[PDB]
Protein chains: 4
Amino acid sequence: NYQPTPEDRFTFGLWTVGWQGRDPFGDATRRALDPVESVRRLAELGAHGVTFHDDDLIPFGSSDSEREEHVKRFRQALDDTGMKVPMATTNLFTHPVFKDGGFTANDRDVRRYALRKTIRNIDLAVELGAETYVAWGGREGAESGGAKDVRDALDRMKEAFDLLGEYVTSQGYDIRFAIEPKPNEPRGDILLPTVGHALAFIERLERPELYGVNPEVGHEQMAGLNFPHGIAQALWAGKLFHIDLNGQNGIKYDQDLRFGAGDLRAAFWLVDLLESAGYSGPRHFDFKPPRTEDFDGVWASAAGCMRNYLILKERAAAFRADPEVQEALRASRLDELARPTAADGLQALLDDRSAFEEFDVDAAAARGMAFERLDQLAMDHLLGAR
Amino acid sequence: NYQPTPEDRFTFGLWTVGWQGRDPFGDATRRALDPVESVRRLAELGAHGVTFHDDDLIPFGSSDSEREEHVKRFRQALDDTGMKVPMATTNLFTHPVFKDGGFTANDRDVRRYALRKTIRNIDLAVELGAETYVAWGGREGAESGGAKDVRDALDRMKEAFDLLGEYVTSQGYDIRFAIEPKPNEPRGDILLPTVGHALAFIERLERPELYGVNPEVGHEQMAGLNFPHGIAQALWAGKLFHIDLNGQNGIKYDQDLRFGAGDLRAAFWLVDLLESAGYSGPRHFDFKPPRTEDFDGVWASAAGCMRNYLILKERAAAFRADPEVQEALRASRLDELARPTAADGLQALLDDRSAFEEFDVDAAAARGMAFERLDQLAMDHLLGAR
Amino acid sequence: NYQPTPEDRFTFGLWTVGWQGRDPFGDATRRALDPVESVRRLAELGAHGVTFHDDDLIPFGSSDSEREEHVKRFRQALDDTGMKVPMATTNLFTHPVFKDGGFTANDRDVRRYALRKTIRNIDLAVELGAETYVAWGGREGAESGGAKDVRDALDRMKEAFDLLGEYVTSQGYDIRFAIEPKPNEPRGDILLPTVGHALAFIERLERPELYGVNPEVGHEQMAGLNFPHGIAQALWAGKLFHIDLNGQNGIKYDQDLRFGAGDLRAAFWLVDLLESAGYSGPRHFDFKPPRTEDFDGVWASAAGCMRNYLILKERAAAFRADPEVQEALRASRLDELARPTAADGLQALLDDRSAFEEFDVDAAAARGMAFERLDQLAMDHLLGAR
Amino acid sequence: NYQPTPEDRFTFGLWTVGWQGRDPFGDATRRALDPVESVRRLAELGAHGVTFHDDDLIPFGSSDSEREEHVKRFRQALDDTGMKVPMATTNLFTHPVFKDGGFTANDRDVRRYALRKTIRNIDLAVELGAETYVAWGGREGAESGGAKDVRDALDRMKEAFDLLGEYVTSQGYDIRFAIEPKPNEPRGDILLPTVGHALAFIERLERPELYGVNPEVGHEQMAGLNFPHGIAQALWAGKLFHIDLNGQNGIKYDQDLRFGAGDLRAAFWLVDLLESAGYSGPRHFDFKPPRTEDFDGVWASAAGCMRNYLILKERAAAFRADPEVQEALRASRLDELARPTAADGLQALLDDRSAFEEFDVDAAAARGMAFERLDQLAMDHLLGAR
Ligand SMILES: [Mg+2]
Ligand SMILES: [Mg+2]
Ligand SMILES: [Mg+2]
Ligand SMILES: [Mg+2]
Ligand SMILES: [Mg+2]
Ligand SMILES: [Mg+2]
Ligand SMILES: [Mg+2]
Ligand SMILES: [Mg+2]
């Protein structure tokens, strides 16, 4: 029941099942996984592919010969399993050199190094077939007000993304960028903290068509925002290039629980939206198996990510297909929300006495919205109580 | 000491000092203020002007003759005092007809009424000299997932703002719009919940040059965001048309405390930014005197708004003018943040072996940022300990 | 399916289905309900009983003769329907006189009035058969630091509850008190803000056996706390006298959604705990039907409260009865958590070399907890996927 | 100006200035400090003493001979500098064996090991002169609902603290315990999450007089609570045995900023309370110098902790000594809050017609509280604007 297949397009980062369990108060509880073993085990679970930071695949500082060895072994595991690599990204946060950021470090030489490190991994991503290149600026930000002039930092961030766009254009690469927002952690405040801030920033880039967002469930919930609403705005703007799925219990540290944990009803409404809108990209899981777990629990937690997506997919589909729900949607006037307010135009609106002078406001105000009956139908469907 | 003058451009909404103290758990503690008395008392405190919702000035349902009487009395108080009206807005949230929103109500007839009510007040705002027209969509949103299709609602919101822009264009009015974001309250989630979401939405309007943001201190802090950072992004995009100042103690209900209360250090960094960037618009206070207060406390709380801005202005100016601070800013490389990362261009960067092949990452990583010394200088200046 | 009966002990406040929809930004959307009609309609839905504030039943300021008329009509509706009144409470928050609190108002004459108003309603509660008397100090608190000396205010709060205990003791009444915590709203910070603070305060009262807590789902979640955990501590201390059920979406204004909305998984774990622990008191709903709703939606939202409790009860029971779950609980060592750490005593522990000198820490650390498999079984049961 | 002396009783944990900068997303930015060097440098800054976890001083796994060497070197640095060790604590969170907790681990053998590890360090603390022994149960908690039965876990937590109390009693030690609450991180929810929950738990211990709380500024603010209010309740109960000072910017990960950063006004009201109440214990800083800093920034950040306390001490003292403030306090009736509500007793209250039958509620309600004028005097004093 609810078994994934590679046609479901489920993907996982190497750093997810490979997380050793080191947290700010404790040492690792699990040994390191060989990327090749992770590819094999994920393929057996029904995954479609994997993603990586440069430093997940090729340890930092590797020689060019060591680098080719790591890539060759990885490429062989992909050939043996049929797994794909749809997305790649750059680690610009672990090494101490990035302690004040990568693209927006105050030190100019660090910003130049950050760009060269990114460009080298874009070449590798293209070689392995990635369609999307993610940028998470986890160190771009500040703990104190005077440390970062944010207008100058946004100039530097625009400069870096513009240069990356010039690079992929000049090389003829068919790859697009997705910016991943996060409000805080590990910096006290991170630049571009939500989906909205990232979407607004993209419109000031030289080639905006090359850039979209990679929102993550838990990150928007770290600001107490409604994740399905933010995804809807990203889809409305045509900018949902990729998505990271996980779980989060409210406003606190980034928990990265398996998908379906955390806010379960928000997960239901997210799956409903993605499937209704026909989102075609990977269903990527950026999660951490809790450090309480051994390797058997790692694979159980990864399987649960996919299982929970498929259960919610079934329940949302049953909800939308239910004739009683379709009738409730009409009773709450969702059909009228989809019709233009004034297709007759401004002048007709101004001359329409039924829109103001003769509008019965008391009769309109007395109409109930019937939203609670609709939401209880949604509850019953989620819980399998119809 | 720290006495405001009308050249300081401090403004107040009629609904601020006029708040009767009704909250969700209690009845009013103060009687209603006549708008004329509020104008007179604010002028004596040193304010520059006032702002209004249509329904603050002209009670809902007034006849055309009653309406002219209310406006004439108001215009006379402005002439007698020298007060200005730089901003106006529409009440699309109090009346029960707006219980599911104004521009994005599911009912089409309500959306048409909302537009006609707004258009009528734009005419009045222009007559009284307002330069900015604010839109706060406080009822645009949902408490449950199925009640609002957010892509359709954004279509309806874009339709409404586009029609308003066509109206002001066709009338030849010199007025601009500012969208006021809020994450929640009174709806469970509100559409366009942060400055970032509003900025991104504006770029999809037909005439984006007519629209900017009106951020409010407490609203961004209701999502745990850094308000100075959000203001910096708005300034970077050229979209800070107006600003609402108040105080808020963290993530909870919208408190609307007087400016300077709440997060005091954030207030310091906000004033530093506005004065450094040369923001020219009104310093508007959207605050509520606590319902514990009588009318003497109302005026004391309004005076405190202005006093706290002027004290912080002095401390931020002393901070930036201090030679020891200028030297600390260079020590933390704020000068290098303002220089281009790669004015030499992409190809020069790619050929620069000092940017990657021969870059000493360990030497760069060992450089301290000196941010804590800089932040303690900022503390000492804020507290007057130098 | 899932139909409530009065043996399920579901109760509702008069102020819940009777909420007219007035919020801080909008006027009422529904007319007022006669308490008699609410009793009748709740009885038809399957409720067990109702609760009231004094001012819900007898309008503020009523004459003694008007008061007897209101009570007589109410008592007749109870006799006609079979409904019970298991809990009553005092309104010490709506009237302007209580704007700085009731029991901890700075004005001494207000504190004396608050006590007399409470005592008069305790007599009425006993007459109507209430077993529990709830105190929610919604105005006890402050918006600013100097306004309230909290040690003096706690002295005044202890004084008031001690006097109430002396009153019920002297009258021979069989009624107990339950303190309802809330962290904020309508005051900026409220005294006794969480279940823990209330439990600690009770232990300093003269007759602690007369006092317990009345926790509310949404209130603990307004501080980001785990509501099932707090309930477990209240049960562990023997102090869960009553409980208020509703829903809340994270850290924001008090939403009072119907039970099951908000954090659905927390609702599941709460029902599991209450049923496992054999909690015997009322399942009381303190919720507000959204102001979008007409009266048909009011009754639909009230029915949904009860439906969601009964569905979750079924799923939690199936979870605990599943042999595969019982085996998973043993695999995660929940059986060992219930055994004493050192029933052999301190000296035996100190002499036990297997507890320190010869303890294999690396072997113990390598044991996986198997919590993710257990939690996915819980998910599958909640969703009806087994 | 504002120079600390050891009579100010400022203390620091070895783990604070010794933090190497490892966070969940990045490697260490600073080398390790020798405890002896930290003692010397803190003594030169004006500190009174230091605190330690067992594993800060004696690396985990040390032989008995290595252990005596580490202690002897440490004792010599204390003799050379005059520094004191007023508090010690146990590391029950870093080693993987503690991944499901120490005192409340599901595995019984782990709970026994946790107790033996604690008991061994209590002996060392007494030898070095510590008066308080802190317990922070950072791993006691859960990420999922079924993993931890909280009633059983509280039984195990009570068992462990009772055994520790029996141990210190049997040894004749003059040391007391302080429980440190935290709401979350590194567990998803931590048991005893706030000061209130810890105070309530203590009252169920066998020898409650031996146990108090060690609240931390940032931890209560992680739940959005008012830290001065919580400290006032701890003082009211006689349980403030120790305190941890730092800074925190709202509800997010535990930032551990230097004291005075974060919520500055809350720091002002905290210092006012501690000095007014005559708190006599150490002013202990549990903070982390940001990983952006080199060792010069470490010592600058530690100095700033002490400087900010001394500046706030001066401003709070000036506030309370100002005759205009004393008059404002009387105007807001803080004097009446300190008087008994009903020293005349219950029967006199019941017979007092001025308390109910003849009480003018409208006249009392019309009295303004004058809190905004009082709070602006407090602002002016904090900022040095009088
Ligand atoms: Mg994350
Ligand atoms: Mg991610
Ligand atoms: Mg506001
Ligand atoms: Mg505003
Ligand atoms: Mg509530
Ligand atoms: Mg309640
Ligand atoms: Mg901390
Ligand atoms: Mg601490």
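Numbering of chain C is taken from Swiss-Prot, so the residues present carry the numbers 2-387, in order.
Even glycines carry a Cβ here, placed using N, Cα and C.
Taken from Swiss-Prot, the feature active site covers C:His54, C:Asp57. The Mg(2+) 1 binding site annotation in Swiss-Prot covers C:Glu181, C:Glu217, C:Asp245, C:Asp287. Residues or ranges marked as Mg(2+) 2 binding site in Swiss-Prot: C:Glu217, C:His220, C:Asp255, C:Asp257.
Overlay of Swiss-Prot feature records on the structure.
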residue: C:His54; record: active site; DSSP class: strand
residue: C:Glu181; record: Mg(2+) 1 binding site; DSSP class: coil
residue: C:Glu217; record: Mg(2+) 1 binding site; DSSP class: strand
residue: C:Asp245; record: Mg(2+) 1 binding site; DSSP class: strand
residue: C:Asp255; record: Mg(2+) 2 binding site; DSSP class: coil
residue: C:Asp287; record: Mg(2+) 1 binding site; DSSP class: coil
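For ligand 6, the nearby recorded positions are C:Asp287; that is, of C:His54, C:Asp257, C:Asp287, these have a C-beta under 6 Å from one of its atoms. The two recorded residues C:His220 (Mg(2+) 2 binding site) and C:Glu181 (Mg(2+) 1 binding site) have their Cα atoms spaced 9 Å from each other. Within 8 Å of the centroid of the Cβ atoms of C:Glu217, C:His220, C:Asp255, C:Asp257, where the record puts Mg(2+) 2, the same chain has further Cβ atoms from C:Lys183, C:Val218, C:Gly219, C:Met223, C:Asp245, C:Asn247, C:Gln249, C:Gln256, C:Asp287. Between the CA atoms of C:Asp255 (Mg(2+) 2 binding site) and C:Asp57 (active site) there is a gap of 20 Å. Of all the binding-site residues listed (C:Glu181, C:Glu217), C:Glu217 sits in the most crowded Cβ setting, with the most other Cβ atoms within 10 Å. Residues near C:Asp245 (Mg(2+) 1 binding site) in space but far in sequence (CB under 8 A, at least 6 apart, same chain), listed by position: C:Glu181, C:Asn215, C:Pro216, C:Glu217, C:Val218, C:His220, C:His285, C:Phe286, C:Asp287. Of the listed recorded positions, namely C:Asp57, C:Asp257, the sparsest Cβ surroundings within 10 Å are found at C:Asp57. The Cβ of C:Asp255 (Mg(2+) 2 binding site) has 24 neighbouring Cβ atoms from other residues within 10 Å, across all protein chains displayed.
C:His220 (Mg(2+) 2 binding site) counts 29 other C-beta atoms within 10 Å of its own C-beta, drawing on all protein chains shown. Within the same chain, residues at least 6 positions away in sequence whose Cβ sits under 8 Å from that of C:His54 (active site) are C:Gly14, C:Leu15, C:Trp16, C:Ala89, C:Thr90, C:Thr91, C:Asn92.
Other residues of the same chain near the Mg(2+) 1 site, with their Cβ within 8 Å of the Cβ centroid of C:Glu181, C:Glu217, C:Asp245, C:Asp287, are C:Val135, C:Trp137, C:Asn215, C:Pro216, C:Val218, C:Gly219, C:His220, C:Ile244, C:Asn247, C:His285. When other Cβ atoms within 10 Å of the Cβ of C:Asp287 (Mg(2+) 1 binding site) are tallied across all protein chains shown, the result is 25. The recorded positions near ligand 5, defined by a Cβ under 6 Å from one of its atoms, are C:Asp255, C:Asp257, chosen from C:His54, C:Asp57, C:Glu181, C:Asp255, C:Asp257.
If you measure from the Cα atom of C:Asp257 (Mg(2+) 2 binding site) to that of C:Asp57 (active site), you get 18 Å.
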